[PDB]
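Below, chain A is the first sequence line, B the second, and so on; all start at residue 1. Note: hydrogens, waters and symmetry copies are ignored here, and every other heavy atom, side chains too, is used.
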Amino acid sequence: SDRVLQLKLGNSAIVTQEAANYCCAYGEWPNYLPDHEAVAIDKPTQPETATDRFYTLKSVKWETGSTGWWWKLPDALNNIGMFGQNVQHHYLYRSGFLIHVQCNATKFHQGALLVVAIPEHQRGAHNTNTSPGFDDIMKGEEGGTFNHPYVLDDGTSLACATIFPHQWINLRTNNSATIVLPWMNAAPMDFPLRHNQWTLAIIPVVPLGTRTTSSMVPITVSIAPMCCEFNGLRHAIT
Amino acid sequence: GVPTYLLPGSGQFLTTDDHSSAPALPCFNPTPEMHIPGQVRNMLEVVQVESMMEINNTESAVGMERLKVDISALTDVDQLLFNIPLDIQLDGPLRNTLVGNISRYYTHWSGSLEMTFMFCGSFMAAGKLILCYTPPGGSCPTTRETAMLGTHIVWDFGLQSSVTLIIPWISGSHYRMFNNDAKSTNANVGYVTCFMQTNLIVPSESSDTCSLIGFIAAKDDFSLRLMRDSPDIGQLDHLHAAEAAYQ
Amino acid sequence: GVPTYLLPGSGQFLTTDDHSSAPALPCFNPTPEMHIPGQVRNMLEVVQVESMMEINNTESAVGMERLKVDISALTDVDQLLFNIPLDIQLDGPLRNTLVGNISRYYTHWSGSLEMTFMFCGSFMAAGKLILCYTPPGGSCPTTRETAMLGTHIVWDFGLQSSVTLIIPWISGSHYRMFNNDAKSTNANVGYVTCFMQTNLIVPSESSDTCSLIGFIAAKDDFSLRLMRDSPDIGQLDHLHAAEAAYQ
Amino acid sequence: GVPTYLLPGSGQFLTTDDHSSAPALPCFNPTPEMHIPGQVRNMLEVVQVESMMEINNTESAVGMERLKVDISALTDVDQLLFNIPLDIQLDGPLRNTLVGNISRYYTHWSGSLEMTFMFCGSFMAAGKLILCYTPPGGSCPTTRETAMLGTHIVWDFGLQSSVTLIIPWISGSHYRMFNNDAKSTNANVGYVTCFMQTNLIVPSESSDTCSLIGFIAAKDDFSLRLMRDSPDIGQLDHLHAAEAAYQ
Amino acid sequence: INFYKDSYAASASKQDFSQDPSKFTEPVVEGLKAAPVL
Amino acid sequence: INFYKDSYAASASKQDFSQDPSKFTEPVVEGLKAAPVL
Amino acid sequence: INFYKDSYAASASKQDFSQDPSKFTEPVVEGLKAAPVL
Amino acid sequence: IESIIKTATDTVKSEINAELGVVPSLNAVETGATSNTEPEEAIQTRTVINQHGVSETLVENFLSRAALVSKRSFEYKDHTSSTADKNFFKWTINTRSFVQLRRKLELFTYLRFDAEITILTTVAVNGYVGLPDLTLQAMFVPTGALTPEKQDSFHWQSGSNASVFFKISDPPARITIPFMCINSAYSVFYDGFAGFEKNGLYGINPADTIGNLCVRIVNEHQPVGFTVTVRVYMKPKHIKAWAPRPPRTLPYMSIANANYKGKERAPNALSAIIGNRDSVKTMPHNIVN
């Protein structure tokens, strides 16, 4: 009764029958910005079902030598649907995120995926004094790939990444991971195009294995923004 | 006696310290306070007074000419007339204002501004302008159809000679910073632009060129923070007759 | 005035001192606190989170391969699969854990640990393991008939993919010490060993080699003591661009 | 601030000072107290325990032989067997006692002593001794008819193997002094002598020589005063391996 | 802390939060209906 | 001891013994019956 | 005088006048009638 | 559930368990929850009244330590023909240059704290006459504001800037800087770019930089030269901390980024954080008698 789960947001719904009791990041739930924390005085637009709905990213192929995948939020969503349009037309945004990650395989497959939401995942570059540039960080909908997932591409460690909000997809056990993210920022709102509050990381800790005849095993990321607010309306940046 | 120990900090002279100190003139009776008009007890009272922007900060603009914007009749629709950078920290039309000068004694600021524009053409001059505030993130709008997607006021020239464009406090952070990097996300306020909404339409006997004066003040939601030396004054030498104070 | 005398200690700068000191920015109003998720008020909250042990800390193990233990079908009974040293202070599988890193900022520790092992083979893989904790005093057990005289859990691979081996606080003294001598009676925790209880038995179509991931956390009976510089970080030089902070 | 002035004594380090000082380890939680047997809270508890006098402090007496007095059958009446100086400060039979060692950490002392003598001959040995304390002023008595004008106990060897000679606090001043001048009127305690009262009379099959062990303790009327470095320990060099504490 | 006998010797007085900005922003006697002023 | 007029000038505040480790150790909403979680 | 936050920082504690010398002078359980002990 | 925890938890005695349906040692790691298996449920335990305090691992205690943040040596001499800190230095204040403090702060994503700053000053005669009791000026200049460019510059008149004058002879200078971020917390890590264009710095929100510390010697130069070393110590206090992080494992490279290389071999290498043992069956410090 915690293996099955339906998530209904807006016109979108997701069912799974192999969940494993969804993660609410730091025991929190997304909310709108209350009056005693607000800064921007203009009346925000709260598009609700137009933006608070599941957006499915491009699936990535899980292969033998995969190092892992990352997507930055809100950057991965900033060109998608009415969320992307509200982001382009407003200086300020605020939202939570409902992340659902899907990966199924056979009962003869094995593999473990660490599905972790990393707040302020400031990336390091390997073997240089030069900071990562704009194109290294801002990958959009496609996301990126871990260079060194063992140190989480920032000189720390994968092994201690379970301090962050996370679930596991162990192919023997479950086929989906669900993480609910609150607004996670020092400021109550933020400019969406230059800052990423959260990084969804999906990391092959145990690689895909079978001795069946192989199939493409993809990993699919669906992300619903939650409690979207937007302030500072103007023309689109694009 | 009392066992005591001195701590890090003992004997330092901190210029912002707040202590009682030895009165040099014992039993001095200061002159009794008289009511004087215009007492100021918080400097935010001063920033709420509107004062003239130097929007025409151009070469070929000399002295008081910099404090007004000339407006002419046009023969193309929807034209840009002027824009105004909202960078108080670097040098722009807001720096030598009441709000500008006092704020540059501080590093951090918050709250709404207001721009007031007085049309100083003839009684017989007519026109409508659109005054647009664009929140930051993109380039300053150069066409009227882009600018008024933002915050704006359409102004009709009439018996009331003035309008107010509120620049609402539109910011992800509680404060913005007066740092030198104007393109910083913790600094940039965005842009104010003025377009023709209709046209300046005047008599043959009125002046065909009319003048706007722009004012800026803070609102009472305005706050300033982190006091600093103002970059608006400096000396490389002693002033004249400063040596005669020693002679 | 007050007769006073200074004492041993006056004017010293103790880095752990706890005193009020002179506010450099009088009447500074800090930004109002906002609710931020995930506040930590005691570091023992962090050590209770489980995190991956590097049990496969061997040559020929590269990067993330060190964070899993491969398990294969055997043709001899009662075999040893792996052991885990419980020395946090020297370099072992526990050092780069949440409990390991935070504890190495301290010298003394007490309380129970827990090891959690997730089997990451296929659904069709079956097996039973015995996970044994041996209190210190002797050599690490190498045969199954010796090891399970100690504290142990027999784990069946099933719908629940994980077990917990509690390492109970088993100590003559209130605390153990993080000293470099691992064989000390005030340091050594003993051993964790894993034996086959039955066998890894899989399909021809499942992978014949399956992986365990080991986790460790402290329990809430855990305490840390005597704060010290961590031996997990150091510099022999200035970092890059540290000089540019002076330019 | 507070007008203050420093006084003679400011900044001195007195080794007997009693002050709070800066805790180097903030929020350190010491290990909880456990009941341990045999707590001592006043050193006068230690001096009340009896301990062996070295009465046979002679050449030809080696090691443990110095801790017993041999008693033989005599053929003359009223003979002296041994005497005991009561000088704790100089080297005598009382120095390496519990009362002797602790008292030599002090300069002044008061109160009664007790000497206990255990006869360690055979069951079949019989005899009577007279144990005499002579208050100071004269020479130590050498004949029995002189000594027992003073304080004395006549001891019969019997089922009870021991007697106590109380040395009562017999002094003009409240305290005596542990000064080096043993003949001082503020130092000298007088003398303890043991004479035959009858004779040691034994079997042909018992040992014809029997042993007394002498003990001394303070009573609970005893007090010590003016703490000083003990002359019972010293070094002219660093001890061995003291340098290795720096390496 | 102030152990001096003259009151001007005291530390700075930073608690006067009274403001009247209308003597600078609105120094007319017709309080302007927030409606045209003219 | 703190004779300064600004509250941030005070000594360190070492008395907040409130902990909530379950926001790190149990960030689900189904409180796990200590019984299988799945 | 002790303005430190840790109690072990205090000055020396010289007021414990409790004594029990009988745990050293009489560690038997038959309290000896002051009468032969044997 | 939030509660006040002053001591580590007690242990209750437990007995034999043989119950169908109840498997407290089994868990599901996949949910992201740490195991809730109590020792009472795994082994047969005694009753322990635990009196071990938890106060030294309070985040306030863990971070209210005066740690070195800046160490500048400069020549105190006549500087008419030098190329270098000419009797003064500017320091852009940061917590990134000394790795013991940096790694501790980087255990957290967000920090809110006041900063007690202590300034230790020492002097050496250049390669003897005695050490002079020089007066120094440490002036707090906000980030990006105008800093002095001379020892004798009229910027040091310090009309609104906080300045502290202090000796070498006296106890180090000490002031408290308030929590001065424009946000409710500093961002220890910043997954973003500071500017509205794309040339700006990654990882550096300037909202989290305290300011510039401008330190001169007030004295005119002596006829002989001295080398003066200024050490700055920061102690965070009134600390709130949010969202703990995996500790830094590889050596730091720059103060500007999280870039990494690792050591050449284990320990703390890129391919191997923990030093190697011979096999997973090898017990490295095995007691052999």
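Counting only N and O atoms by type, the side chains of B:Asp221 and B:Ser112 include a donor and acceptor under 3.5 Å apart. Side-chain N/O atoms of A:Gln197 and A:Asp190 include a donor and acceptor closer than 3.5 Å. A donor and an acceptor atom, one from each side chain of B:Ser110 and B:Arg225, are nowhere located under 3.5 Å apart. B:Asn179 and B:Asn186 share no side-chain donor-acceptor pair at under 3.5 Å. At a cut-off of 3.5 Å, with distance as the only test, a side-chain donor of H:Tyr110 or A:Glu120 sits close to an acceptor on the other residue. Judged by distance alone, the side chains of A:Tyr93 and A:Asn231 never bring a donor and an acceptor atom under 3.5 Å apart.
Note on ring orientation: taking the six-membered ring where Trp is involved, the planes of H:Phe193 and A:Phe134 are tilted (angle from 30° to 60°). Classification of the B:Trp155-B:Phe117 ring pair by plane angle, with boundaries at 30° and 60°, yields tilted.
Considering all non-hydrogen atoms of both residues, H:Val188 and A:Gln122 come closest at O-OE1, 4.5 Å. Of all non-hydrogen atoms in B:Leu200 and B:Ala125, the two that sit nearest each other are CD1-CB, 4.3 Å. The two atoms that bring A:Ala76 and A:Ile80 nearest to each other are O-CD1, 3.4 Å, heavy atoms only. B:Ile170 approaches A:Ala40 most closely through the heavy-atom pair CA-CB, 4.5 Å.
Two residues are said to be in side-chain contact when any heavy atoms from C-beta on lie closer than 4.5 Å; B:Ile216 and B:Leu113 meet this criterion. Within the 4.5 Å cutoff, the side chain of B:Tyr105 has no heavy atoms near those of the B:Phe178 side chain. No side-chain heavy atom of A:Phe230 sits less than 4.5 Å from a side-chain heavy atom of A:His89. For the pair A:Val180 and A:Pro30, the minimum side-chain heavy-atom distance is below 4.5 Å. When side chains are defined from C-beta on, E:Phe24 does not count as touching B:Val46, because their heavy atoms never get closer than 4.5 Å. A 4.5 Å side-chain heavy-atom check between A:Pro188 and B:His174 finds at least one atom pair inside the cut-off. Between H:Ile210 and H:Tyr186, the closest side-chain pair of non-hydrogen atoms falls below 4.5 Å. Proximity of A:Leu57 to A:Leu77: side-chain heavy atoms (C-beta onward) are separated by under 4.5 Å at one or more points.
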message = With side chain to side chain donor-acceptor pair (under 3.5 Å) as the criterion, how do A:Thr56 and A:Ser222 come out once you've worked through the C-alpha distance, each side chain's angles and the decisive distance to 0.1 Å?
response = CA-CA 4 Å; A:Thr56 293; A:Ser222 299; 2.9 Å; yes
inquiry  = Evaluate C:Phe28 against H:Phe179 for ring pair (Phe, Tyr, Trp, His ring centres under 6.0 Å), listing each step before the verdict.
reply    = CA-CA 9 Å; C:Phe28 190 86; H:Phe179 175 71; 8.6 Å; no
From CA spacing to verdict: side-chain contact (heavy atoms from CB on, under 4.5 Å), A:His195, A:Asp75 = CA-CA 8 Å; A:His195 189 206; A:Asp75 172 65; over 6 Å; no
Evaluation steps, side chain to side chain donor-acceptor pair (under 3.5 Å), between H:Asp191 and H:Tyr202 = CA-CA 7 Å; H:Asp191 188 10; H:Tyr202 180 66; 2.7 Å; yes
query = Which is it for B:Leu94 and B:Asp87 under the side-chain contact (heavy atoms from CB on, under 4.5 Å) test, yes or no, and what are the steps along the way?
reply = CA-CA 7 Å; B:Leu94 308 185; B:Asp87 288 322; over 6 Å; no
key: Full working for side-chain contact (heavy atoms from CB on, under 4.5 Å) between H:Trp242 and H:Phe108   = CA-CA 6 Å; H:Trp242 298 265; H:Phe108 301 99; over 6 Å; no
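At most 12 heavy atoms of other shown residues, nucleotides or ligands fall within 6.0 angstrom of atom CE in B:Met52. No more than 12 heavy atoms of other residues, nucleotides or ligands sit less than 6.0 Å from atom CD of A:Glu142. Atom NZ of A:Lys58 sits in a sparse spot, with 12 or fewer heavy atoms from other residues, nucleotides or ligands closer than 6.0 Å.
The CE atom of A:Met226 lies 12.0 Å from the CZ atom of A:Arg94; values are rounded to the nearest 0.5 Å. Rounded to the nearest 0.5 Å, atoms CE (B:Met148) and CD1 (B:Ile153) are 14.0 Å apart.
Legend: residues meeting side chain to side chain donor-acceptor pair (under 3.5 Å) with B:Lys68, ordered by chain and number and at least two apart, are B:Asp70.
Remark: B:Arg104 fails to qualify as a cation-pi partner of B:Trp109 under the 6.0 Å distance and 45° angle criteria applied to the six-membered ring.
Ring-centre distance between A:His100 and A:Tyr22: not below the 6.0 Å cut-off.
Identified under the side-chain hydrogen bond (donor to acceptor under 3.5 Å, both in side chains) test for residues 26-46 of chain A, with sequence neighbours left out: none.
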